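Numbering (the working numbering), first residue to last: 72 to 586. Worksheet: the structure to be examined is printed underneath.
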Ligand SMILES: CCc1nc2ccccn2c1C(=O)c1cc(Br)c(O)c(C#N)c1
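Written as structure tokens, this is what we have:
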């Protein structure tokens, strides 16, 4: 009297699971928007130093001679490496001699300049306001954007662990509902904080609650369906993220103020919390705990939804108790973690799987948060990453059965990897080729997440299936944290952030051939 018999009795495929899939895949879009909002709410616009001659109208009325703004800009700001007015320093004493062309304007000492003690002036053509504009994340404070992104990712990790324990102890639907509420409230609060550390802390809390939402949605979606229909709903969950990227691009185009954007993104989660109550709790977990009457209630409700009351009429507590007894025990938790690495055969298999899990977080999140440097129109780039993800993800699974198993993993990492390395070599003059390659790079890098998830289970023995995936997700989260921090190497050179992000997938993909 195992649970699958009962689930087949009530109805495994019809109606109810479709509605549940809709109601649980809709929030994934807004989860993706919350995750990728940092690309728009923290965009760094073009800026230059504050100059009394230009910015101040009181000094504007005192200008001797009607000189054009370009001449004043050349006078007051030293030239920069890219022929632009240099960003982080200013002329002390209005240099009039620069007007004359008789002197080669190249002999300038570092003692002739001062740091911008009077703030900056930013460009407001595209973005009305970001966090960089508000709190002056410029010059000496340019290292605090990857800090914010790493704090958010660490929040995801800690929230995943804590919510895992809490959902294993209390249930699925309850933790999911309270996670919806926490996301909404924490986002609404974060949209109003005046100082940077408060913003970082509330983004941390939002990330924790988001991790809880994703985990509980995945588990509750898996536990209510027959084993034949698992990968189909995994594919639906995967497509949710691509539609979420498209939605992120659209909403970012709609609103161009970071506080309003954050409020608009964090608003619907309260609505999700409101109707999260009507969902039924997973019957398998209810059977495991020992509250049989609640299990019978959920089973009868979901059977009545599918119009299968006649088969539900025969359900009694005895078969539920038999299913309780048949459920395997998990006392072995302390044992499988060591056995994964202590086994000589399993030591190498895990590590290469670990390295493949590591490479996804390091490369994808290090680049998907820096679309400003890969092109001009970041509204269009966000849409295309979601668009290209659809044909590639579905088109890849065809090659699984035909081209084999071990070859798919190697191609799923090398080929997106070489797209990024080609971005360095190609001249910046051909911008269209630069942008199209980056779309195909990160667009095809998402297919690695799906292929590895499916392949992880089949290799390992049935005993250690769950624990093997548990390690794999940890390296993805731990690797993603180190992603943004690499951008701090950009001071040495422009090509260094791209070089490291391209070498890791090539080594990860080629090393997977030993599996
Ligand atoms: C914020 C998560 C996220 N944002 C995007 C944006 C585009 C494509 C995919 N994602 C994801 C994930 O798929 C993902 C990452 C890690 Br790290 C996890 O631990 C889990 C879990 N559980 C899920």
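A virtual CB, placed ideally from N, CA and C, is assigned to each residue, including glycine.
In the three-state reduction of the DSSP assignment, residue 555 falls in the helix class. Between the segment 338 to 357 and the segment 240 to 250, the count of Cβ pairs shorter than 8 Å is three or higher; the stretches touch.
If you draw a straight line from the Cα of residue 339 to the Cα of residue 255, it comes to about 7 Å.
The straight-line gap separating the alpha-carbon atoms of residue 560 and residue 214 is approximately 10 Å.
Annotation: the continuous alpha helix (DSSP H) that includes residue 234 extends over 215 to 241. For residue 330, the enclosing alpha helix (DSSP H) begins and ends at 329 to 337. Between residue 358 and residue 585 a beta carbon distance of about 42 Å is seen, past the 8 Å cut, so the two are scored as non-contacting. With respect to the 9 Å criterion, residue 512 and residue 491 are classified as neighbours on the basis of their beta carbons.
Between the segment 219 to 228 and the segment 276 to 295 there are three or more C-beta pairs closer than 8 Å, enough to call the two in contact. Shortest gap from the CB of residue 525 to any heavy atom of ligand 1: 8 Å or more. Beta bridge pairing from DSSP links residue 193 with 118.
When secondary structure is reduced to three states using DSSP, residue 161 falls in the strand class. Partner residues in the beta bridge of residue 200, as assigned by DSSP, are 328. When the alpha-carbon of residue 487 is set against those of 393, 508, 495, the nearest one is in 508. With fewer than 16 other beta carbons inside 10 angstroms of its own, residue 179 counts as exposed.
Straight-line measurement puts the Cα of residue 79 at about 13 Å from the Cα of residue 385. Look at residue 533 here: in three-state DSSP terms it is helix. Ligand 1 has a heavy atom closer than 8 Å to the beta-carbon of residue 548. For residue 184, the pairing in a beta bridge is given by DSSP as 162.
For residue 536 and residue 407, the gap between their C-alpha atoms comes out near 10 Å. For residue 549, the closest of 432, 143, 368, 474 by C-alpha to C-alpha distance is 432. Comparing C-alpha distances from residue 198 to each of 551, 401, 448, 88 shows the shortest one belongs to 448. For residue 127, the number of other beta carbons within 10 angstroms of its own is below 16, and it is reported as exposed.
A distance below 7 Å between beta-carbons, with the five flanking residues on each side excluded, links residue 217 to the following residues of its chain, in chain order: 555, 556, 558, 559.
Taking 8 Å as the cut-off, the C-beta of residue 517 counts as close to a heavy atom of ligand 1. Shown here for residue 222: same chain residues with a beta carbon closer than 7 Å to its own, the five before and five after excluded, namely 271, 274, 275 in chain order. Residue side-chain check: residue 224 places its Cβ nearer than 8 Å to a non-hydrogen atom of ligand 1. For the 9 Å CB-CB criterion, residue 200 and residue 328 form a contact. The beta carbon of residue 460 sits closer than 6 Å to the beta carbons of 313, 514, 517 from its chain, once the five residues preceding and following it are set aside; these are given in chain order. Under the three-state reduction of DSSP, residue 156 is assigned to strand.
Shown here for residue 571: same chain residues with a beta carbon closer than 8 Å to its own, the five before and five after excluded, namely 557, 560 in chain order. Taking C-beta atoms as the reference points, residue 107 and residue 405 fail to come closer than 9 Å. The segment 86 to 96 makes contact with the segment 360 to 378: 3 or more CB pairs, one atom from each, lie closer than 8 Å. At the C-beta level, residue 489 and residue 437 stay beyond 9 Å of one another.
The straight-line gap separating the alpha-carbon atoms of residue 569 and residue 520 is approximately 21 Å.
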